[PDB]
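Asks: For reference, the file input17.txt (compact mmCIF, C-alpha atoms) is included below:
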# COMPACT_ATOMS: atom_id res chain seq x y z
CA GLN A 1 24.26 9.43 -7.36
CA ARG A 2 23.45 11.88 -4.42
CA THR A 3 26.10 14.32 -5.47
CA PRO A 4 26.89 17.53 -3.56
CA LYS A 5 24.99 20.63 -4.69
CA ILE A 6 27.00 23.80 -4.58
CA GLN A 7 26.23 27.54 -4.22
CA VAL A 8 29.21 29.97 -4.21
CA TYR A 9 28.39 33.53 -3.16
CA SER A 10 29.37 36.46 -0.95
CA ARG A 11 27.88 37.38 2.44
CA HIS A 12 27.33 41.03 1.28
CA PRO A 13 26.79 42.44 -2.32
CA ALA A 14 30.27 42.52 -3.82
CA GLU A 15 32.17 45.77 -4.43
CA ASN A 16 35.76 45.72 -5.76
CA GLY A 17 38.23 46.59 -2.99
CA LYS A 18 35.75 46.11 -0.10
CA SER A 19 36.34 43.31 2.42
CA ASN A 20 33.61 40.66 2.49
CA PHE A 21 33.12 36.90 3.06
CA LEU A 22 33.22 34.21 0.40
CA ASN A 23 30.85 31.30 1.02
CA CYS A 24 30.56 27.84 -0.43
CA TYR A 25 27.35 26.16 0.65
CA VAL A 26 27.56 22.39 -0.06
CA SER A 27 24.43 20.34 0.46
CA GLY A 28 22.40 17.28 -0.54
CA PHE A 29 25.34 14.85 -0.26
CA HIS A 30 25.67 11.43 1.28
CA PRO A 31 27.88 9.96 2.89
CA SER A 32 29.05 12.72 5.23
CA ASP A 33 32.79 12.71 4.50
CA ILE A 34 33.74 15.41 2.00
CA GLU A 35 36.61 17.65 0.95
CA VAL A 36 35.78 21.26 0.18
CA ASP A 37 38.29 23.84 -0.86
CA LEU A 38 38.04 27.50 -1.71
CA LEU A 39 40.34 28.50 -4.58
CA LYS A 40 41.95 31.80 -5.53
CA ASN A 41 43.31 31.76 -9.12
CA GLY A 42 43.28 27.93 -8.95
CA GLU A 43 45.24 27.66 -5.64
CA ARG A 44 43.83 26.33 -2.36
CA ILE A 45 43.10 29.03 0.27
CA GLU A 46 44.44 27.96 3.70
CA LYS A 47 42.58 28.37 7.07
CA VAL A 48 39.06 28.32 5.45
CA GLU A 49 36.45 27.86 8.25
CA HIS A 50 33.41 25.59 8.12
CA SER A 51 30.23 24.88 9.96
CA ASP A 52 29.67 21.71 11.98
CA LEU A 53 28.03 18.69 10.38
CA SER A 54 24.28 18.94 9.90
CA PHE A 55 21.70 17.07 7.89
CA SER A 56 18.34 17.89 6.22
CA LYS A 57 14.92 16.22 6.46
CA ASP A 58 15.77 14.11 3.33
CA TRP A 59 18.82 12.76 5.33
CA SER A 60 21.40 14.48 3.16
CA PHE A 61 24.27 16.45 4.76
CA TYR A 62 25.12 20.15 4.43
CA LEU A 63 28.06 22.39 5.32
CA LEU A 64 29.03 26.03 4.91
CA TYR A 65 32.72 26.78 4.08
CA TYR A 66 33.76 30.40 4.28
CA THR A 67 36.65 32.84 4.38
CA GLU A 68 37.17 36.55 4.51
CA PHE A 69 38.10 37.97 1.10
CA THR A 70 38.25 41.16 -0.89
CA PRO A 71 36.60 41.01 -4.36
CA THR A 72 38.70 42.38 -7.25
CA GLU A 73 38.22 42.80 -10.95
CA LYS A 74 40.62 39.98 -12.03
CA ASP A 75 41.05 37.46 -9.13
CA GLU A 76 39.07 34.28 -9.87
CA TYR A 77 37.40 32.63 -6.85
CA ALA A 78 35.90 29.19 -6.87
CA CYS A 79 34.76 26.28 -4.74
CA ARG A 80 36.22 22.79 -5.37
CA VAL A 81 34.42 19.76 -3.94
CA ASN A 82 35.77 16.20 -3.77
CA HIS A 83 33.29 13.49 -2.75
CA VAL A 84 32.92 9.69 -3.24
CA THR A 85 29.75 10.21 -5.39
CA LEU A 86 31.69 12.36 -7.92
CA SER A 87 33.73 10.88 -10.76
CA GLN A 88 36.04 13.96 -10.63
CA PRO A 89 36.44 17.23 -8.64
CA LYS A 90 33.40 19.55 -8.96
CA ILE A 91 34.52 23.18 -9.48
CA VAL A 92 32.03 26.06 -9.29
CA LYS A 93 33.26 29.62 -9.99
CA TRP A 94 32.11 32.55 -7.87
CA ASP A 95 29.92 34.92 -9.90
CA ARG A 96 29.07 38.16 -8.00
CA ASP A 97 25.78 38.35 -9.95
CA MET A 98 24.51 34.93 -8.57
CA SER B 1 15.53 16.96 25.68
CA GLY B 2 16.19 14.19 23.17
CA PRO B 3 14.68 10.69 22.99
CA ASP B 4 15.92 7.58 24.79
CA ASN B 5 15.55 4.77 22.21
CA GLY B 6 15.44 2.16 24.99
CA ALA B 7 16.94 -1.31 25.31
CA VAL B 8 15.82 -2.83 21.98
CA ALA B 9 18.09 -1.93 19.03
CA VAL B 10 17.24 -2.16 15.28
CA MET C 1 6.56 30.58 10.07
CA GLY C 2 4.20 27.85 11.38
CA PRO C 3 3.88 25.77 14.57
CA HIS C 4 6.68 25.75 17.14
CA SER C 5 8.85 22.69 16.77
CA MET C 6 11.61 20.69 18.35
CA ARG C 7 13.79 18.15 16.56
CA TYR C 8 16.72 15.94 17.40
CA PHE C 9 18.81 14.82 14.40
CA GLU C 10 21.18 12.01 15.36
CA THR C 11 23.89 10.29 13.29
CA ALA C 12 26.35 7.47 13.85
CA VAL C 13 29.08 6.73 11.29
CA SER C 14 31.12 3.57 11.60
CA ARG C 15 34.84 3.93 10.91
CA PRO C 16 37.05 1.34 9.10
CA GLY C 17 39.08 -0.84 11.50
CA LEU C 18 38.81 -1.37 15.28
CA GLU C 19 37.78 2.34 15.56
CA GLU C 20 34.34 2.83 17.24
CA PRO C 21 31.66 4.92 15.38
CA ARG C 22 31.33 8.70 15.45
CA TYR C 23 28.01 9.79 17.03
CA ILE C 24 26.60 13.33 16.66
CA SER C 25 23.31 14.59 18.05
CA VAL C 26 21.90 18.03 17.15
CA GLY C 27 18.85 19.60 18.74
CA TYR C 28 16.72 22.31 17.08
CA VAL C 29 14.00 24.65 18.41
CA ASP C 30 11.99 26.39 15.64
CA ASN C 31 14.60 25.24 13.05
CA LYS C 32 17.57 26.80 14.84
CA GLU C 33 20.28 24.63 16.40
CA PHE C 34 20.24 24.98 20.21
CA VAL C 35 22.29 21.96 21.54
CA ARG C 36 24.93 19.58 20.13
CA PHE C 37 26.72 16.43 21.23
CA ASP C 38 29.78 15.08 19.28
CA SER C 39 31.63 11.87 20.36
CA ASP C 40 34.84 13.17 18.61
CA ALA C 41 35.13 16.13 21.07
CA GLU C 42 38.02 16.07 23.63
CA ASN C 43 35.33 15.95 26.38
CA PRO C 44 32.11 14.66 24.74
CA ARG C 45 29.12 16.39 26.27
CA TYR C 46 25.98 18.18 25.22
CA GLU C 47 26.85 21.85 24.70
CA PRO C 48 24.64 24.92 24.47
CA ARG C 49 24.60 26.15 20.86
CA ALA C 50 21.98 28.89 21.48
CA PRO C 51 23.29 31.09 24.31
CA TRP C 52 19.87 31.26 26.07
CA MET C 53 20.44 27.56 26.91
CA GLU C 54 22.93 28.71 29.54
CA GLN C 55 19.84 29.35 31.70
CA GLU C 56 20.08 25.54 32.31
CA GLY C 57 22.12 24.45 35.31
CA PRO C 58 24.81 21.73 35.55
CA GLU C 59 22.27 18.95 36.36
CA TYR C 60 20.55 19.48 32.97
CA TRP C 61 23.85 19.13 31.06
CA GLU C 62 24.87 16.08 33.07
CA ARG C 63 21.55 14.29 32.51
CA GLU C 64 21.49 15.07 28.75
CA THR C 65 25.16 14.01 28.36
CA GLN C 66 24.42 10.66 30.11
CA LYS C 67 21.43 10.19 27.73
CA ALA C 68 23.73 10.83 24.69
CA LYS C 69 26.15 8.18 25.97
CA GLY C 70 23.25 5.70 26.04
CA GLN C 71 22.07 6.72 22.55
CA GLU C 72 25.62 6.35 21.18
CA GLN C 73 25.71 2.73 22.41
CA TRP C 74 22.25 2.03 20.94
CA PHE C 75 23.46 3.32 17.57
CA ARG C 76 26.64 1.16 17.87
CA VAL C 77 24.61 -2.06 18.50
CA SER C 78 22.14 -1.06 15.73
CA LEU C 79 24.99 -0.52 13.20
CA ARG C 80 26.36 -4.01 14.06
CA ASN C 81 22.89 -5.56 13.59
CA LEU C 82 22.38 -3.81 10.26
CA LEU C 83 25.68 -5.35 8.98
CA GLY C 84 24.13 -8.76 9.55
CA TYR C 85 20.75 -7.92 7.98
CA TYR C 86 22.41 -6.71 4.72
CA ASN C 87 25.35 -9.24 4.85
CA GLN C 88 28.04 -6.46 4.72
CA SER C 89 31.82 -6.54 5.70
CA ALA C 90 32.45 -5.94 9.50
CA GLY C 91 35.18 -3.25 9.20
CA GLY C 92 33.46 -0.87 6.76
CA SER C 93 31.95 2.65 6.53
CA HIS C 94 28.13 2.90 7.19
CA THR C 95 25.72 5.57 8.44
CA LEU C 96 22.67 5.33 10.67
CA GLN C 97 20.48 8.43 11.14
CA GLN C 98 17.46 9.29 13.28
CA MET C 99 15.04 12.21 13.25
CA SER C 100 12.69 12.75 16.16
CA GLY C 101 10.52 15.56 17.37
CA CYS C 102 7.29 17.37 17.88
CA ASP C 103 5.18 20.20 16.51
CA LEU C 104 2.93 22.01 19.00
CA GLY C 105 -0.74 22.82 18.52
CA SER C 106 -2.79 25.81 19.82
CA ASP C 107 -3.53 23.85 23.04
CA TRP C 108 0.32 23.52 23.71
CA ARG C 109 -0.24 19.76 23.06
CA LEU C 110 1.37 17.55 20.40
CA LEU C 111 0.17 18.40 16.87
CA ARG C 112 2.44 15.96 14.97
CA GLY C 113 5.06 13.54 16.33
CA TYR C 114 8.08 12.44 14.26
CA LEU C 115 10.29 9.30 14.69
CA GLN C 116 12.22 7.80 11.75
CA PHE C 117 15.47 6.19 10.80
CA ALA C 118 17.69 5.85 7.74
CA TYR C 119 20.50 3.53 6.85
CA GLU C 120 23.09 4.70 4.25
CA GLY C 121 20.93 7.86 3.77
CA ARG C 122 17.83 5.97 2.71
CA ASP C 123 14.60 5.47 4.60
CA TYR C 124 14.78 2.39 6.86
CA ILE C 125 11.87 2.44 9.31
CA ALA C 126 9.48 5.18 10.41
CA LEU C 127 6.73 5.62 12.95
CA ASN C 128 3.50 6.53 11.19
CA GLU C 129 1.39 9.69 11.98
CA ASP C 130 -0.81 7.47 14.23
CA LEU C 131 2.29 6.91 16.58
CA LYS C 132 1.09 3.23 16.66
CA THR C 133 2.30 1.56 13.43
CA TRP C 134 5.59 1.32 11.54
CA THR C 135 6.51 1.80 7.88
CA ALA C 136 9.36 -0.57 6.94
CA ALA C 137 10.97 0.80 3.75
CA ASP C 138 12.73 -2.33 2.57
CA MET C 139 13.08 -6.00 3.28
CA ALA C 140 15.78 -5.75 6.00
CA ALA C 141 13.58 -3.27 7.90
CA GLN C 142 10.91 -6.03 8.17
CA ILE C 143 13.18 -7.75 10.75
CA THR C 144 13.32 -4.56 12.82
CA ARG C 145 9.57 -3.96 12.41
CA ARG C 146 8.74 -7.42 13.85
CA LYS C 147 11.26 -6.90 16.73
CA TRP C 148 9.76 -3.44 17.58
CA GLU C 149 6.13 -4.55 17.25
CA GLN C 150 7.05 -7.30 19.80
CA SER C 151 8.92 -4.90 22.18
CA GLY C 152 6.22 -2.18 22.11
CA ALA C 153 8.68 0.40 20.72
CA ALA C 154 5.85 2.56 19.27
CA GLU C 155 4.23 3.05 22.74
CA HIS C 156 7.60 4.00 24.17
CA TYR C 157 8.17 6.69 21.51
CA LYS C 158 4.52 7.86 21.57
CA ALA C 159 4.93 8.57 25.34
CA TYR C 160 8.14 10.61 24.71
CA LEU C 161 6.58 12.58 21.82
CA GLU C 162 3.30 13.40 23.59
CA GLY C 163 4.95 14.12 26.94
CA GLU C 164 8.66 15.04 27.37
CA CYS C 165 9.09 16.38 23.80
CA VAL C 166 6.17 18.84 24.16
CA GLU C 167 7.03 19.84 27.77
CA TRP C 168 10.74 20.52 27.11
CA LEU C 169 9.89 22.45 23.93
CA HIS C 170 7.57 24.71 26.00
CA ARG C 171 10.36 25.31 28.55
CA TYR C 172 12.92 26.19 25.78
CA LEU C 173 10.48 28.60 24.11
CA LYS C 174 10.04 30.42 27.45
CA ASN C 175 13.80 30.58 28.15
CA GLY C 176 14.74 31.57 24.61
CA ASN C 177 11.88 34.11 24.28
CA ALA C 178 14.05 37.24 23.93
CA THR C 179 16.00 35.67 21.01
CA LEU C 180 13.25 33.48 19.46
CA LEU C 181 10.92 36.58 19.06
CA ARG C 182 13.53 38.47 17.06
CA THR C 183 13.06 38.73 13.32
CA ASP C 184 15.40 40.21 10.73
CA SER C 185 13.47 41.57 7.75
CA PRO C 186 14.88 40.99 4.25
CA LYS C 187 16.54 43.92 2.50
CA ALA C 188 15.53 43.63 -1.15
CA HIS C 189 16.77 44.97 -4.47
CA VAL C 190 16.52 44.18 -8.20
CA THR C 191 19.57 43.76 -10.45
CA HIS C 192 19.59 43.92 -14.27
CA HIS C 193 21.66 41.59 -16.48
CA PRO C 194 21.39 42.16 -20.29
CA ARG C 195 21.21 39.00 -22.47
CA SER C 196 21.41 38.33 -26.20
CA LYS C 197 18.27 38.37 -28.45
CA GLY C 198 16.84 41.56 -26.85
CA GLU C 199 16.27 39.93 -23.46
CA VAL C 200 17.18 40.93 -19.92
CA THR C 201 17.44 38.93 -16.71
CA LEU C 202 15.87 40.71 -13.70
CA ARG C 203 17.03 39.25 -10.39
CA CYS C 204 15.17 40.02 -7.18
CA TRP C 205 17.38 39.63 -4.11
CA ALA C 206 16.30 39.13 -0.49
CA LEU C 207 19.22 39.45 1.90
CA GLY C 208 19.88 39.25 5.62
CA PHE C 209 16.58 37.77 6.76
CA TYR C 210 15.64 35.57 9.73
CA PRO C 211 13.82 33.16 9.98
CA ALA C 212 14.62 31.33 6.71
CA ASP C 213 10.93 31.15 5.71
CA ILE C 214 10.33 33.46 2.72
CA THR C 215 8.38 33.84 -0.48
CA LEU C 216 9.68 35.62 -3.61
CA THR C 217 7.39 36.21 -6.62
CA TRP C 218 7.50 38.00 -9.96
CA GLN C 219 4.48 39.59 -11.67
CA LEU C 220 3.92 41.02 -15.15
CA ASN C 221 1.49 43.99 -14.93
CA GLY C 222 0.10 42.54 -11.64
CA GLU C 223 -0.28 38.93 -12.95
CA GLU C 224 1.79 36.06 -11.35
CA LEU C 225 4.71 34.50 -13.33
CA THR C 226 5.41 30.72 -13.03
CA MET C 227 11.22 32.02 -13.00
CA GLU C 228 14.58 30.70 -11.60
CA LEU C 229 14.62 30.41 -7.77
CA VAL C 230 17.77 29.44 -5.86
CA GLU C 231 17.63 27.40 -2.70
CA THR C 232 17.65 29.57 0.50
CA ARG C 233 21.21 29.78 1.68
CA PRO C 234 22.99 30.92 4.82
CA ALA C 235 24.80 34.27 4.76
CA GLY C 236 27.19 33.05 7.46
CA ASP C 237 26.04 35.54 10.19
CA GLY C 238 22.89 33.64 11.21
CA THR C 239 20.70 35.22 8.48
CA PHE C 240 19.71 33.96 5.05
CA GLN C 241 19.66 34.93 1.38
CA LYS C 242 17.53 34.05 -1.63
CA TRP C 243 16.94 35.36 -5.11
CA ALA C 244 14.40 34.89 -7.89
CA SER C 245 15.01 35.86 -11.53
CA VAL C 246 12.99 36.23 -14.73
CA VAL C 247 13.97 36.84 -18.39
CA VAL C 248 12.05 39.86 -19.72
CA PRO C 249 11.99 41.82 -23.01
CA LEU C 250 14.39 44.77 -23.30
CA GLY C 251 12.47 48.03 -22.82
CA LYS C 252 9.68 46.38 -20.79
CA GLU C 253 11.48 45.97 -17.44
CA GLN C 254 9.17 48.49 -15.64
CA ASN C 255 6.12 46.20 -16.30
CA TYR C 256 7.56 43.63 -13.85
CA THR C 257 7.32 43.67 -10.06
CA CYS C 258 8.97 41.50 -7.46
CA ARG C 259 7.16 40.81 -4.18
CA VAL C 260 8.80 39.57 -1.00
CA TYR C 261 6.81 37.94 1.80
CA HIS C 262 8.47 37.53 5.24
CA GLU C 263 7.17 37.52 8.83
CA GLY C 264 9.50 40.32 9.94
CA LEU C 265 7.78 42.76 7.56
CA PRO C 266 4.56 44.61 8.64
CA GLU C 267 3.56 44.21 4.92
CA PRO C 268 5.02 42.45 1.79
CA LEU C 269 7.70 44.44 -0.05
CA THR C 270 6.95 45.38 -3.68
CA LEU C 271 9.83 46.49 -5.87
CA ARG C 272 11.04 46.90 -9.41
CA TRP C 273 14.19 47.57 -11.42
CA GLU C 274 15.45 51.10 -10.58
CA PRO C 275 17.81 52.26 -13.36
CA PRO C 276 20.55 54.77 -12.33
How would this structure read if it were set down as structure tokens?
Replies:
Amino acid sequence: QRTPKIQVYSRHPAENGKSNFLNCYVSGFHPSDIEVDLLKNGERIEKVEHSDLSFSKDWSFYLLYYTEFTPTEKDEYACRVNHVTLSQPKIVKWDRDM
Amino acid sequence: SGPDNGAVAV
Amino acid sequence: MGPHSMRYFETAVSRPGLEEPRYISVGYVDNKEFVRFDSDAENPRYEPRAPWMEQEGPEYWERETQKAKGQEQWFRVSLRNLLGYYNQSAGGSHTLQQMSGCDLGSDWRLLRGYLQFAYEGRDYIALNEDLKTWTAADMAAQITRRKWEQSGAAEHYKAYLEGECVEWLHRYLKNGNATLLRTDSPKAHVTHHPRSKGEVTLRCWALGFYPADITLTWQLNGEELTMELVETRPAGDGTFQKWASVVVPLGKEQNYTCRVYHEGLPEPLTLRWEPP
């Protein structure tokens, strides 16, 4: 299967207590329909924005989901992707070092 | 300016 | 980096039921989106996506919008035909995609022309580099290949690619000059991540750069190292990010150098781990 690849990362280098943007870059998937959620401590963040549908030279689709956020020591951020090629939700945790 | 694929479809 | 280019990436997705397909067309100049058409919009029309496109008057937008309405119908008929070729159910979900465009040479003439299609995300039929012959990828595409060899489709697309494609690209490069000539150089730094077994990961970051073209390398005492490299990713502000990491021995971090190559830089950046 042509499953969605995921990168979860911040727009700027993370510093606890400083406002930033959390990104989930989902790519390499086909067909185009997909459900992407950003999670905070396992709960869906509302009003997450996303880019318009685009595709790469290998035909696969890609999207950027993002929200404003403030990194902290203990809040756990993640990206959850649901797609027809997956047998289950794909969850990738945000790691400020990656 | 994009292509016009014309009258003949796949 | 490289020749100037224009591409149109077009997609139609059929929807289950009596619902007509969704058609999206995206235009790019030098790998940056500059126009978009989406049939799901309240008022479907081509829209400027790069603000320098607002140098075009209302006649341009009307003509391109009419062209998109024609392409949308061509994709609708083509999706219906493909159902027949592969003996699929009439009210299902299927995707037809096209890529078309040109690269310009030093004589402002066509360097390479591109014209290919995919069905369900897989190659279907493509125009070869000669702009004269077709590569059918599977057995259903043989039906299309015969039909298009008979209709002279290659000549039709060769004329667009060598003419209109190249001429409109030259016009867009002139109008978008002030923006297209802007580069954002990468800001680079090295981070240190201790591991078990006396090893350390050194990660070389390149942040906030435009265009996306970049090279990151790691060297041990000036000798190249063949390293984990993530795919270039958007920062969300129009610029890009990338990093490259290596696992090194503890105590020998200063023997490693990262080098960043990008067109915005007067020279490549060389850097190393800077302990506090």
Asks: Excluding same-chain residues fewer than 5 positions from residue 35 (chain C), what lies within 6 Å of it counting all atoms listed in the file, as a PyMOL selection string?
Replies: chain C and resi 26-27+47-49
Asks: What's the 10 Å shell around residue 15 (chain A), counting all atoms listed in the file, without same-chain residues fewer than 2 positions away, as a VMD selection string?
Replies: chain A and resid 12 to 13 17 to 20 70 to 73 96
Asks: Using all atoms listed in the file, what table do you get, as CSV, when you list each residue of chain A with an atom no more than 12 Å from chain C, its nearest pair of atoms, and their distance in Å rounded to one decimal, rows by chain then rising number?
Replies:
residue,atom,partner,partner_atom,distance
A:1,CA,C:121,CA,11.7
A:2,CA,C:121,CA,9.5
A:5,CA,C:231,CA,10.2
A:6,CA,C:231,CA,10.2
A:7,CA,C:233,CA,8.1
A:8,CA,C:233,CA,9.9
A:9,CA,C:235,CA,8.7
A:10,CA,C:235,CA,7.6
A:11,CA,C:235,CA,5.0
A:12,CA,C:235,CA,8.0
A:13,CA,C:207,CA,9.2
A:20,CA,C:235,CA,11.1
A:21,CA,C:236,CA,8.3
A:22,CA,C:236,CA,9.4
A:23,CA,C:236,CA,7.6
A:24,CA,C:234,CA,9.7
A:25,CA,C:233,CA,7.2
A:26,CA,C:233,CA,9.9
A:27,CA,C:233,CA,10.0
A:28,CA,C:121,CA,10.5
A:29,CA,C:121,CA,9.2
A:30,CA,C:121,CA,6.4
A:31,CA,C:120,CA,7.2
A:32,CA,C:95,CA,8.5
A:33,CA,C:13,CA,9.8
A:49,CA,C:236,CA,10.6
A:50,CA,C:236,CA,9.7
A:51,CA,C:236,CA,9.1
A:52,CA,C:36,CA,9.7
A:53,CA,C:24,CA,8.4
A:54,CA,C:26,CA,7.7
A:55,CA,C:9,CA,7.5
A:56,CA,C:9,CA,8.7
A:57,CA,C:99,CA,7.9
A:58,CA,C:121,CA,8.1
A:59,CA,C:121,CA,5.6
A:60,CA,C:121,CA,6.7
A:61,CA,C:121,CA,9.3
A:62,CA,C:233,CA,10.8
A:63,CA,C:234,CA,9.9
A:64,CA,C:236,CA,7.7
A:65,CA,C:236,CA,9.0
A:66,CA,C:236,CA,7.8
A:67,CA,C:236,CA,10.0
A:68,CA,C:236,CA,11.0
A:96,CA,C:191,CA,11.3
A:97,CA,C:191,CA,8.3
A:98,CA,C:243,CA,8.3
Asks: Mind dumping a table of every chain C residue within 9 Å of chain B, with the nearest atom pair and its distance in Å to one decimal, using all atoms listed in the file, sorted by chain and rising number, as JSON lines?
Replies:
{"residue": "C:7", "atom": "CA", "partner": "B:2", "partner_atom": "CA", "distance": 8.1}
{"residue": "C:8", "atom": "CA", "partner": "B:2", "partner_atom": "CA", "distance": 6.1}
{"residue": "C:25", "atom": "CA", "partner": "B:2", "partner_atom": "CA", "distance": 8.8}
{"residue": "C:27", "atom": "CA", "partner": "B:2", "partner_atom": "CA", "distance": 7.5}
{"residue": "C:64", "atom": "CA", "partner": "B:1", "partner_atom": "CA", "distance": 7.0}
{"residue": "C:67", "atom": "CA", "partner": "B:4", "partner_atom": "CA", "distance": 6.8}
{"residue": "C:68", "atom": "CA", "partner": "B:2", "partner_atom": "CA", "distance": 8.4}
{"residue": "C:70", "atom": "CA", "partner": "B:4", "partner_atom": "CA", "distance": 7.7}
{"residue": "C:71", "atom": "CA", "partner": "B:4", "partner_atom": "CA", "distance": 6.6}
{"residue": "C:74", "atom": "CA", "partner": "B:9", "partner_atom": "CA", "distance": 6.1}
{"residue": "C:75", "atom": "CA", "partner": "B:9", "partner_atom": "CA", "distance": 7.7}
{"residue": "C:77", "atom": "CA", "partner": "B:9", "partner_atom": "CA", "distance": 6.5}
{"residue": "C:78", "atom": "CA", "partner": "B:10", "partner_atom": "CA", "distance": 5.0}
{"residue": "C:79", "atom": "CA", "partner": "B:10", "partner_atom": "CA", "distance": 8.2}
{"residue": "C:81", "atom": "CA", "partner": "B:10", "partner_atom": "CA", "distance": 6.8}
{"residue": "C:82", "atom": "CA", "partner": "B:10", "partner_atom": "CA", "distance": 7.4}
{"residue": "C:100", "atom": "CA", "partner": "B:3", "partner_atom": "CA", "distance": 7.4}
{"residue": "C:101", "atom": "CA", "partner": "B:2", "partner_atom": "CA", "distance": 8.2}
{"residue": "C:141", "atom": "CA", "partner": "B:10", "partner_atom": "CA", "distance": 8.3}
{"residue": "C:143", "atom": "CA", "partner": "B:10", "partner_atom": "CA", "distance": 8.3}
{"residue": "C:144", "atom": "CA", "partner": "B:10", "partner_atom": "CA", "distance": 5.2}
{"residue": "C:145", "atom": "CA", "partner": "B:10", "partner_atom": "CA", "distance": 8.4}
{"residue": "C:147", "atom": "CA", "partner": "B:10", "partner_atom": "CA", "distance": 7.8}
{"residue": "C:148", "atom": "CA", "partner": "B:8", "partner_atom": "CA", "distance": 7.5}
{"residue": "C:151", "atom": "CA", "partner": "B:8", "partner_atom": "CA", "distance": 7.2}
{"residue": "C:153", "atom": "CA", "partner": "B:8", "partner_atom": "CA", "distance": 7.9}
{"residue": "C:156", "atom": "CA", "partner": "B:6", "partner_atom": "CA", "distance": 8.1}
{"residue": "C:157", "atom": "CA", "partner": "B:5", "partner_atom": "CA", "distance": 7.7}
{"residue": "C:160", "atom": "CA", "partner": "B:3", "partner_atom": "CA", "distance": 6.8}
{"residue": "C:161", "atom": "CA", "partner": "B:3", "partner_atom": "CA", "distance": 8.4}
{"residue": "C:164", "atom": "CA", "partner": "B:1", "partner_atom": "CA", "distance": 7.3}
{"residue": "C:165", "atom": "CA", "partner": "B:1", "partner_atom": "CA", "distance": 6.7}
{"residue": "C:168", "atom": "CA", "partner": "B:1", "partner_atom": "CA", "distance": 6.1}
{"residue": "C:169", "atom": "CA", "partner": "B:1", "partner_atom": "CA", "distance": 8.1}
Asks: Applying 10 Å and all atoms listed in the file, which residues near residue 39 (chain C) remain after dropping the ones on its own chain fewer than 3 positions away? List them as a ChimeraX atom specification.
Replies: /C:12,20-25,42-46,68-69,72
Asks: Quote the spacing between CA of residue 79 (chain A) and CA of residue 186 (chain C) in Å to one decimal place.
Replies: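 CA of residue 186 (chain C) lies 26.3 Å from CA of residue 79 (chain A).
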Asks: At what distance in Å, to one decimal, does CA of residue 199 (chain C) lie from CA of residue 221 (chain C)?
Replies: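 Going from CA of residue 221 (chain C) over to CA of residue 199 (chain C), I get 17.5 Å.
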Asks: In the coordinates of the file, take the point (5.0, 29.3, 18.0) and a cut-off of 10 Å; then, counting all atoms listed in the file, name each qualifying protein, DNA or RNA residue as a list in words.
Replies: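 All residues meeting the 10 Å criterion around (5.0, 29.3, 18.0) are residues 1, 2, 3, 4, 5, 30, 103, 104, 105, 106, 108, 170, 173, 180 and 181 of chain C.
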Asks: CA of residue 189 (chain C) to CA of residue 276 (chain C): how many Å, to one decimal?
Replies: 13.1 Å
